[PDB]
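S.K.: Pasting the sequence and an experimental structure:
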Amino acid sequence: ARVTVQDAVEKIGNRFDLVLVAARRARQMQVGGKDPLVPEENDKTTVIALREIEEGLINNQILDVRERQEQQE
Amino acid sequence: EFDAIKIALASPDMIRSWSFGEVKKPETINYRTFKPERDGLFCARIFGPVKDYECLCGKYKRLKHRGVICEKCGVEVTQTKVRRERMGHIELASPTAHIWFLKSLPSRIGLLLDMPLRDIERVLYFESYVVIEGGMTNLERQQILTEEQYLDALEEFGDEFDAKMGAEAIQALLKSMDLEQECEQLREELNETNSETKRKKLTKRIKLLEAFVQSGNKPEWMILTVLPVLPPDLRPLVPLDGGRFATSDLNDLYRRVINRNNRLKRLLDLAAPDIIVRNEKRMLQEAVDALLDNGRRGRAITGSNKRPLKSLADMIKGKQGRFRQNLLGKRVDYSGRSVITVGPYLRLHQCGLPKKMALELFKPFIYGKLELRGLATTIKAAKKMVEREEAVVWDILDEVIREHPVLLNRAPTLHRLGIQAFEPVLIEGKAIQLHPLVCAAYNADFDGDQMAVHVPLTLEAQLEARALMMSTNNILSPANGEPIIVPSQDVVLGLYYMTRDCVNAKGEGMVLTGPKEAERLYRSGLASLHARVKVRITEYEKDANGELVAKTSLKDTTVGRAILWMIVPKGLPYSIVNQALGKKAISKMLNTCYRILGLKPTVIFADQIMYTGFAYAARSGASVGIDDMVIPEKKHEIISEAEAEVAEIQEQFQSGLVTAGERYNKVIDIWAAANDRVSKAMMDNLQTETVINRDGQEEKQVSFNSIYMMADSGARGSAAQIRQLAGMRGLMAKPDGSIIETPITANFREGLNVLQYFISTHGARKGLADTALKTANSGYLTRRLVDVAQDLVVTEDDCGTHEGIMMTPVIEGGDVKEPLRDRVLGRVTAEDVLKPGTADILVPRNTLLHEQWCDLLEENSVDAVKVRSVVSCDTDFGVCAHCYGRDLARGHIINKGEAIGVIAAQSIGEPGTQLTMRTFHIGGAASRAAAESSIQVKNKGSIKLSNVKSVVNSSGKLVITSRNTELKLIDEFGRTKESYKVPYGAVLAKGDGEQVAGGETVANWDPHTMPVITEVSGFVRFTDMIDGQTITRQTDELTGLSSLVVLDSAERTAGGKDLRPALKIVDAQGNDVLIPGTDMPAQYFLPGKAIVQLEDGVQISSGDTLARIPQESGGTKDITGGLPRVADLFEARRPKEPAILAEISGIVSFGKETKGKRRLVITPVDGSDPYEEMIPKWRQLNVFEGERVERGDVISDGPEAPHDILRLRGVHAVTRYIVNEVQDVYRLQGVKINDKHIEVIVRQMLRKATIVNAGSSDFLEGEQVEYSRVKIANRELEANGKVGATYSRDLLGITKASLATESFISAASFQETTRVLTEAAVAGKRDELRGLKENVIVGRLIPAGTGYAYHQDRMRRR
Amino acid sequence: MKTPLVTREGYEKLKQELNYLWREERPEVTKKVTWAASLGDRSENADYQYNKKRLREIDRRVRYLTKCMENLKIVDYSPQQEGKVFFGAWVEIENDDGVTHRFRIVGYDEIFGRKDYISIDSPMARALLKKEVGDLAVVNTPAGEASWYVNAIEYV
Amino acid sequence: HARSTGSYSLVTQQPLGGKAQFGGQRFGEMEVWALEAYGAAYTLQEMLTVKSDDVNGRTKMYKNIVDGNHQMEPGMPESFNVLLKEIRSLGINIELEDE
RNA sequence: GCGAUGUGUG
DNA sequence: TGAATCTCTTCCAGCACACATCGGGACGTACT
DNA sequence: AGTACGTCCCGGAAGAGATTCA
Ligand SMILES: [Mg+2]
Ligand SMILES: [Zn+2]
Ligand SMILES: [Zn+2]
């Protein structure tokens, strides 16, 4: 359901941190359960993650926050 | 797991520690059974089992019994991997020279020993003898002797003597040599001696030695005592289909070595005679030599029938060694390849893929989803499922594909585009469908080209593709700013036909509200496609701060044009498409569309472009027929007239009015003129012939002849090609590069007569053949460049410095060639540029320069800008961001780590193909002759004169008597732009302070004569002239006149050979003309070998040239051109006849004019002047004794030596020189290449340096090491109180900077192996990775991108 | 097989063509080939072919005229030494049949219908070299020998 | 012609070349250059480590695939290991180190 | 289940 | 005497395919 | 009878002569 990554870069300047962030999130949403944060479209984890990103609510900050939190828990 | 790789020599005991036994029997296998022979190359109890966890005797076929060795056959039991890990050795019963250390040029052994390699050889292969501590004798230690010499010596000294011959000898030599007395004595020798080659040899020696001692090594180790053997697997005995075995060469080599060693063993115990044992040892040494490097020592030994068998060296080096064969690239699973086609129904973010092909590709994923849905318990069952190819399978396949990008590649993978990605859509057939646009990016027509596909297997990589490889994300080549989604032939023909007015057609000039209803008319056919028409339209201009204002209005346009308009995205202005939409047009169209509305709309717009294009193109049907190429009626007439002209010139020749040479030349020129006339005729009668009524009477208009359409479109072909279809095809050139005196009369429509076609044949075959060799040499260039930059990545954010280079736009006096805008764009300020209004901040000092600031500059018309460049960033082990500027394809600044190295490399490379092979380079020579004749000022400004001592001529003009005049061009502010030299006594067409415009000539003179200009007026006598004796009278036929040639000493008559003739201006009767202001008359003494025309008794005006001096000149740069010129630049080949420059600045003077390179002394204004320099007198000069010149200034004339440039002018200077030259080449062929790339190349081109003073350092003085290392060192060292070091950057050609790099494995993997590995091995050069090629080899991540994040985290952790 | 003698006006014209090409036509064709090679990049592309061929020709000619500007020797002499017809002379010659023939003699690199189109290294010239108003000039064309009478000598 | 997972050469545990031999494509030096030019890293690391060289990791990959765990573990390129043993056969010592 | 040489394709 | 200028001789010449052939002979025997 | 099994094997560029202004 996704054709480009432009707004993704717009939300994260590196364009590579983009990559790694997406990847971490993706491994989560494929192995670590933890259902996504957006109506899926039979799309794979990958696109799911990029879409979560351009919904401006997932990044490296949020990730490490939630990891530390769940780890405390 | 690990880190930096270490390398060193081989201690015999270290080897023993490696091995697990020693072969003794040369036999390979049983080949009666297939069991390996005991204690041989394949022996288990040395090496190990055949099949996993199975003894040879057949004892323990059981994991439970692992670990323990046998006792019957006595063999360990494990995985067969051990059969690969282990290694074996051989106790050679005699020492052996290691041929690498023996023959590398230089021989490490030799230099260590100070001995001619030839004689060291003569030692090794046993035809000599060498002393070993002979004692109180008449003989020297290193001394060597022959047979009879040795025998007489033996009889001269029976026992106390000591010498030997061969391996043992060399070994004892080295073991005897102490490595500290050497340091002492040789440093003393360098201190004392003076000879230059001595210095160089001795310094190489001392380098070798001090390094060797710094390591923990031992020289004798250079001699092998226990030669290891390769593990067996890697030399496997291939069982061919038959009772034979196509043995690997390694096997046979080891076999020979073993037989040899065994005969040697069996001999010694039997005390066989010395001649025999010598022959034995000799064969042994040669065999070991073969083992290591067959083919390096004399005749190689062959293998099967006649071809030299492969060796270990071979297995490393060469195009097909391990490096170039399996590590810098390799074969790869999960892939495929096919032929390609078009399928224009594909939103370019996708591409075709063959169904069968896919189903075979993703089989893993298939099995996965299969047993997820649970349709097969075991994997095997699913394998059967896929093979049966049942229904459910395909649905699952679609499922797994739906969003999983794949990679496409073409073969000639030239540049970054060369691999892209898509999302497949599954198609019938068996080929790959591929979007049309992306063709040109692939440089890939559909002539049958094969493309390959890869599939990322992992999730991260799926992201990789979708982020950095999905053609969407590449509209711009990182090479240069042009778009790369340019439409092409079909689609553009379409649009052309789709927007072009005729004068009169169905639906003429009606009115239409909605482009919708326009398309309605067209589909109805109730109104012609292209027709003049008034229509309402609506457009959107977004002047507001990110907000779109809608307006709407009526337009006088064409129906189809609107119909196109219904697809323009909401943004652009309407006027973009009012015109005819040529290729260039639609190019700008798409491009502006991008730059104004971002990316997503751009791509969707591109695909809509293609759709609508193909559509109306077909709907039109632009065919081509023979009648569609009109032969110009006047063609027959014109060529007949030309024939008559040829006859006229032929009559002139036959009547002897001209020689065959100018005959040839006249004929060719007149044919050329005729050709051009014909071209004009045909182009006219095509482009305009369409002439039709209008509801009036007539009118001419642009045509519709499909061929002219296809051209003016810009689809393919142009005036040129349509010419070679209709008019004559001009002239053709024989292989001589000459050009035949009879052109092609006819064209392709008519038939060529044989001889013509035959000529044009070789005419074209020349280039058609050229392209091959061209491709080859180009590729070599590319590779070399990549391995000079494979280890440079932007790492830190901001160096934070205040250095850089200047930029001025190049001008030919009139218009500018390089718009400073288009040279600076994308790069970043160095200082703050002051307003033209002096002392006013126009732009900040450390900020980007994008298009709007460029426009501001243009508005303010800035002369030059100081700007940062990668050349000199202060980064360590990398390059700071802001110094690199806009990564193209991404308007914003570079991202933290996108490794510019490789992209720059490619970008330089790719145009390779597109150069020419072999011509003469011209660039600097053009302006060269220009400035010779007369001065050319650049721009508008006033005039300033330095050292102006002159005199007004009779005409009122001015000519200069001071030999030191400088011309300064004044701006509208008060500084100076140009400071030109001034030849002596030039005809000044101007004067000081005169406000003149840009691009004008101000002076004039004979470019090749030292004038003898007067000083006063009055009559002329032969004052001091010696008649006949010194002078000579020379009557010249062609000029029908004589003159007075001034003969120099060796040429004038000997009588008064020292009597000097002169000339003094006199009054009306011969008295002295005292110079106004001085007391001496104006006598001028005449230098020899000159020419004088005027004779005695002539009135002359103040400021007249008297005599002339023939000034020799030669500009033979005739080894220069194109691709090889690029090569030689990045190579820094000292050109054939360099031009010398000023060592230091100051006053100059002559010296003792010894024949040959006479002398030239220099002296600083105050500093010491210990310097002189000898210069070949036969070479011309550009200076005189009284001159005072700047350092690094031109002295001789000719090509400009990069090395001396560096060591004199400056880094900025040299990088500017390189970039100007290379840009000149590529422009002379016209391929836009942003400078940044060449810049970074140069940066690597100077990554080493040498020393002058260590101060408090950790460095030997006469030493070479990278710039970065010393800079980081002395940085902290100066941070402490102690004093730093003095260095000197030294430029290296790429094919060198490669070699001496910090790392080695790269070099090892570049252009040669043995040299590098050996020098390392003696260096003990412990080596980190810190580099792409390195990690590629070891296969961990790459510190480039994503991997740059990885390495940052890791280095942070430790 | 060559003679560097040059007339002033011709040298001027040489500089003129040099600038015209290396300053105007070269940059035009430059822009042209650039736009043509905006990633067209086809060896078969005969547009690119012909364009680069014009490049090759203009380059050959510029190098030729460059070497010329280097070597060529100017003699722009006055009408002072007259009578002899050594060079740079408007000359008429006549034949038995009365073949009037007028021309000025200039340097090899000036042979055009522009001003005056007779060489100096030509055999005719070689004969004409040093003669007077009434001499009997003879040459030996590859068709044989022939002769003419001088009728005019003029300078400028 | 295509290939997923088939034979493997014997000297170097690498895929074979050609169609007749049921082998796969060749990712070439220039293509390595290319991927390097793109920031794409995991791509090339996967495409040199898993897809070719380690038998161990190759198997790990194939299994993890069949369980959807899109993942990889590099290990070491067995070919480079071969280079090591080869140079070591030459009179040169070469080693890895600690970390 | 290797390497040589050749032919052809881009 | 020694710093320049010839002159043998090692090293490299694009990428990716496809297909094809061919791969020791020689010298001498205990037998087959 | 005749042999399948034995051994047996053009450009560059940089170095070491080598030649010539001292
Ligand atoms: Mg093709
Ligand atoms: Zn056993
Ligand atoms: Zn910097």
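M.R.: Happy to help now that I have it. Numbers count the residues shown, from 1 in each chain, chains lettered A, B, ... in the order given. Ligands and ions are numbered 1, 2, ... in the order given.

S.K.: Spit out the contact partners of residue 48.
M.R.: No chain in the question, so chain A it is. The contact partners of residue A:48, by C-beta atoms under 8 Å, 6 or more residues apart in numbering or on different chains, come to A:26, A:29, A:36, A:38, A:40. Backbone N, C-alpha and C define where each C-beta goes, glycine included.

S.K.: my question was about chain B
M.R.: Counting by C-beta under 8 Å, 6+ apart, residue B:48 touches B:75, B:76, B:78, B:80, B:82, B:83, B:86.

S.K.: rerun that using 10 Å as the cut-off
M.R.: B:20, B:42, B:56, B:69, B:75-86, B:231-232 (C-beta atoms under 10 Å, 6 or more residues apart in numbering or on different chains).

S.K.: next one: phi and psi at the residue nearest to residue A:63 when sequence neighbours are not counted?
M.R.: With C-beta to C-beta, 6 or more residues apart in numbering or on different chains as the criterion, residue A:63 has its nearest non-adjacent residue at 6.1 Å, and that residue is residue A:24. Per-residue torsions, residue A:24: phi -50, psi -50 (degrees, to the nearest 10).

S.K.: Residue B:970 now?
M.R.: According to degrees, to the nearest 10, residue B:970 has phi -90, psi 140.

S.K.: Count the neighbours of the residue lying closest to it once chain neighbours are set aside for me.
M.R.: Spatial nearest neighbour of residue B:970, chain neighbours left out: residue B:942 (3.6 Å); criterion: C-beta to C-beta, 6+ apart. Neighbourhood size, residue B:942 [other C-beta atoms under 10 Å in any protein chain shown]: 16.

S.K.: On the three-state scheme, residue B:942 is what?
M.R.: Three-state call for residue B:942 (DSSP: H, G, I helix; E, B strand; the rest coil): strand.

S.K.: I figured it was touching residue B:1002, is that so?
M.R.: No - assessed by C-beta atoms under 10 Å, residue B:942 is found out of contact with residue B:1002, at 11.9 Å.

S.K.: okay, and the common contacts of the two?
M.R.: Joint contacts of residue B:942 and residue B:1002 (C-beta under 10 Å, 6+ apart) are B:969, B:994, B:996.

S.K.: Got the phi and psi for the last one?
M.R.: Per-residue torsions, residue B:996: phi -120, psi 160 (degrees, to the nearest 10).

S.K.: Number of residues surrounding it?
M.R.: So residue B:996, with other C-beta under 10 Å, has 18 neighbours.

S.K.: Please name the nearest non-neighbouring residue to it.
M.R.: residue B:990 (6.3 Å).

S.K.: of the contacts of residue A:48, buried ones?
M.R.: A:26, A:29, A:36 (16 or more other C-beta atoms under 10 Å in any protein chain shown).

S.K.: and which of the residues you listed is nearest to residue B:477?
M.R.: residue A:26 (30.4 Å; C-beta to C-beta).

S.K.: need the contact list for that closest one.
M.R.: Residue A:26 is in contact with A:44-50, A:52, B:459-460, B:462-463, D:70, counting by C-beta under 10 Å, 6+ apart.

S.K.: Ok, residue B:1296 next?
M.R.: For residue B:1296, the contacting residues are B:788, B:1131, B:1132, B:1245, B:1248, by C-beta under 10 Å, 6+ apart.

S.K.: the helices in the chain, which residues?
M.R.: Answering for chain A, as no chain was given. Taking DSSP state H to define them, one finds helices in chain A at A:6-11, A:17-31, A:45-54, A:60-72.

S.K.: wait, I meant chain C there
M.R.: Using DSSP H, helices in chain C cover C:8-19, C:26-36, C:46-71, C:123-128.

S.K.: how about a markdown table for these, with mean neighbour count and distance to residue B:763 added?
M.R.: Listed next are the helices of chain C as a markdown table, based on neighbours: other C-beta atoms under 10 Å in any protein chain shown; distance: least, C-beta to C-beta, whole Å:
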| stretch | mean neighbour count | distance to residue B:763 |
| --- | --- | --- |
| helix C:8-19 | 16 | 27 |
| helix C:26-36 | 16 | 20 |
| helix C:46-71 | 17 | 10 |
| helix C:123-128 | 20 | 34 |
